[PDB]
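Everything on this sheet refers to the single structure shown next.
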Amino acid sequence: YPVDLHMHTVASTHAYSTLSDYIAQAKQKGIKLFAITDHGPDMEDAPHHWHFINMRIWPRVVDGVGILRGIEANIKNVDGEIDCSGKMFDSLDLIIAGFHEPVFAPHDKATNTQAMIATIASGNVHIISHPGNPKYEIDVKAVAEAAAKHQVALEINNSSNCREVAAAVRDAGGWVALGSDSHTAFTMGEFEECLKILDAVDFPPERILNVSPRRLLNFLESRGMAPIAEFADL
Amino acid sequence: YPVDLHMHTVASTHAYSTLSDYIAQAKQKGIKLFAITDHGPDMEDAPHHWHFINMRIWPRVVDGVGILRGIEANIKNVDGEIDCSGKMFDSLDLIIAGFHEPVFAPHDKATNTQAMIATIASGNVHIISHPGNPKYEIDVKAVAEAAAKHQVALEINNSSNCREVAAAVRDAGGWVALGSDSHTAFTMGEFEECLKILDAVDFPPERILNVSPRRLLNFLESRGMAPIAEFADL
Amino acid sequence: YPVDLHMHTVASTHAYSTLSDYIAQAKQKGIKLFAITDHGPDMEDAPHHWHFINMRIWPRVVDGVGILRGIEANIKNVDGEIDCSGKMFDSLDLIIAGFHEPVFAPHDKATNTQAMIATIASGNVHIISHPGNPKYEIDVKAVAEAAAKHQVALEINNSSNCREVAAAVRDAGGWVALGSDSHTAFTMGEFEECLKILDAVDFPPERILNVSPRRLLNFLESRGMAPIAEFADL
Ligand SMILES: [Zn+2]
Ligand SMILES: [Zn+2]
Ligand SMILES: [Zn+2]
Ligand SMILES: [Zn+2]
Ligand SMILES: [Zn+2]
Ligand SMILES: [Zn+2]
Ligand SMILES: [Zn+2]
Ligand SMILES: [Zn+2]
Ligand SMILES: [Zn+2]
């Protein structure tokens with residue numbers, strides 16, 4: 001799969017690669033399109049919000065590889081709010097969101113569920129990262145269904161309840177997104193384990209965002225993103 | 001122009017390239033001499049002051065490219081003080097200074113003007129970055145004149161009232177410095193827009209610091225910098 | 001010597017290279033094994049503790065170079081405690097510890113001495129960095145002896161009382177470790193000055209850890225480290 005949608009740079013000290021490391025690795029591993037999704041600013045060991053605002057300066061294409069500007073936002077509360085400002089939204093192409101302890105501590109199932117669904121229903125998010133995380137128990141079918149209705153993808157995460165999530169998305173009719181959640185560029189694009197989960201449930205290839213750059217970019221346009229001309233040839 | 005004097009590294013999370021990225025880009029784009037000028041420590045999302053003190057360890061030359069140790073200091077007050085310590089000064093070659101909100105909020109014209117002039121007159125600065133910034137209204141002619149008298153260059157900034165600044169420096173007789181104010185290495189040395197401003201006013205090429213490494217280094221020696229032997233051949 | 005055991009990345013703003021810069025430099029300079037030892041979290045301008053915990057994701061080998069996960073911990077008190085947690089210990093291979101001002105201010109000789117000896121006796125440390133630092137006066141022979149008894153190496157530090165330390169380790173019978181204490185990858189593996197100190201005292205080559213990867217890794221196994229299979233061929 002020549003698209004990877006979820007990775008981290010030194011903007012967090014618990015990651016260790018830069019933008020240039022990811023471009024170089026993509027070139028080496030035949031990746032044509034990727035997104036940098038640093039942790040949102042309310043998280044501990046996450047960058048300043050300006051880190052997201054100033055991504056508007058990034059080149060679109062380097063050595064043939066397209067680059068998407070993203071964030072892995074933190075879900076803050078049962079209202080589905082995330083630590084992403086309007087100014088931040090304007091600079092970004094890809095909005096991923098998910099549960100991280102220091103921002104949202106695992107609560108009762110029903111709380112986690114309502115907070116995830118509200119985030120999905122908000123219209124402000126493209127992808128929920130690692131919803132299969134055992135630390136945050138949720139009603140999977142209810143989430144998948146909400147995700148299908150609001151056209152949000154549920155992540156199947158390599159770094160990483162994922163079979164349940166995958167079969168759920170299969171039946172609800174939604175999108176699955178694949179993400180390495182790389183904290184170094186060495187695991188970029190590495191989905192072997194994700195792939196097994198999907199095979200074990202016979203997931204339809206037609207609903208994997210990562211199959212091609214164009215399929216992923218079509219999805220972002222369906223969600224309201226103005227087309228990115230520099231990406232036409234991908 | 002084979003010299004670029006103003007750029008930023010990951011030491012701020014709103015920048016995204018390292019020292020090694022800038023060296024590699026310079027090599028690719030035919031740049032023979034550059035300066036890293038991270039934001040001064042009083043600014044938000046800026047490094048620890050040790051970041052400037054420890055630049056004394058940097059190699060002078062890599063792959064034929066010379067490397068200047070610098071800072072983009074923040075002007076703090078009407079007295080022309082900047083967030084650069086004596087220990088910091090001893091490690092550095094190039095001192096740039098300018099107005100940044102979190103440290104100095106735009107005030108009345110007269111305030112901005114006196115603070116800029118005092119910074120220029122202090123003797124502690126080589127270059128005022130983006131003085132043409134509309135956010136900080138100033139008496140241009142008075143600044144240019146002060147800059148000519150104190151032998152400080154006024155920046156014409158690519159990242160970016162610049163025609164007014166340029167014609168002013170033209171008539172006052174001072175130096176202009178060109179800076180990409182790159183926050184990634186991809187725009188290093190990129191002055192196309194600066195160049196247009198200068199052409200529109202018929203600026204004398206003889207007063208552009210960036211024409212050659214030697215011209216820039218002669219200027220730093222005129223301001224009191226002991227000569228840098230590793231740079232002789234540039 | 002094809003092993004360097006002490007260097008720093010951008011996780012501190014007073015360093016300027018990444019993991020990928022160090023791998024690239026090692027390849028260029030014929031280094032087969034190195035360790036990244038960022039400053040411990042209690043220090044100023046040091047990373048979040050997660051920076052050490054998440055090193056468990058690092059690849060073992062890149063371009064033929066083996067990579068050790070380490071920390072330069074800070075000695076906190078006369079009890080020999082360091083700013084390294086149990087969770088942090090589990091992710092790491094190499095534990096270096098030493099005196100740094102903001103965490104432990106130089107005290108009377110006897111204090112520095114007891115704090116260093118206690119750190120050595122704790123069993124939690126492999127190497128004391130720059131014990132020859134004049135800022136922290138110590139009873140050298142007592143330290144070396146303790147180091148020999150507890151099988152801890154004393155660093156002879158290039159970045160840098162080192163002749164006294166070296167002759168002391170010579171007579172006490174302990175290990176010496178060589179470290180560049182690089183804050184950029186450009187000085188990686190650079191021990192010329194260390195080497196002179198050792199020659200001046202006729203130090204036995206048999207007791208220099210850095211002679212070969214296997215000798216260094218044998219020492220870590222003697223201290224209780226489960227063997228690292230990916231390193232067999234080094
Ligand atoms: Zn993370
Ligand atoms: Zn996450
Ligand atoms: Zn993530
Ligand atoms: Zn900036
Ligand atoms: Zn600026
Ligand atoms: Zn700047
Ligand atoms: Zn240091
Ligand atoms: Zn140290
Ligand atoms: Zn060190």
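Below, all heavy atoms of this structure are taken into account, side chains as well, without hydrogens, waters or symmetry copies. Every chain is numbered from 1 and lettered A, B, ... according to where its sequence line falls, protein lines coming before strand lines.
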[atom1] of [X] to [atom2] of [Y]: how many Å apart, nearest 0.5 Å?
X	Y	atom1	atom2	result
B:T18	A:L19	OG1	CG	10.0 Å
B:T13	A:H49	OG1	NE2	9.5 Å
B:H14	A:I57	NE2	CD1	7.5 Å
B:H183	A:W58	NE2	CH2	14.0 Å
B:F186	A:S20	CZ	OG	6.5 Å
A:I53	B:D45	CD1	CG	10.5 Å

Neighbour count above 12 (heavy atom, 6.0 Å) for [X] [atom1]:
X	atom1	result
A:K27	NZ	no
A:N218	CG	yes
B:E230	CD	yes
A:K29	NZ	yes
B:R60	CZ	yes
A:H107	NE2	no
A:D233	CG	no

Part of B:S182 lying under 4.5 Å from any heavy atom of chain A:
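Interface part for B:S182: neither.
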
Is there a side-chain contact between A:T9 and B:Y16 (heavy atoms, below 4.5 Å)?
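Counting from C-beta outward, A:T9 and B:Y16 never come under 4.5 Å.
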
Set out, in order, the CA-CA distance, both residues' side-chain angles and the distance that settles side chain to side chain contact (heavy atoms under 4.5 Å, CB included) for B:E44 and A:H48, then state yes or no.
CA-CA 9 Å; B:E44 293 180 31; A:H48 194 260; 3.0 Å; yes

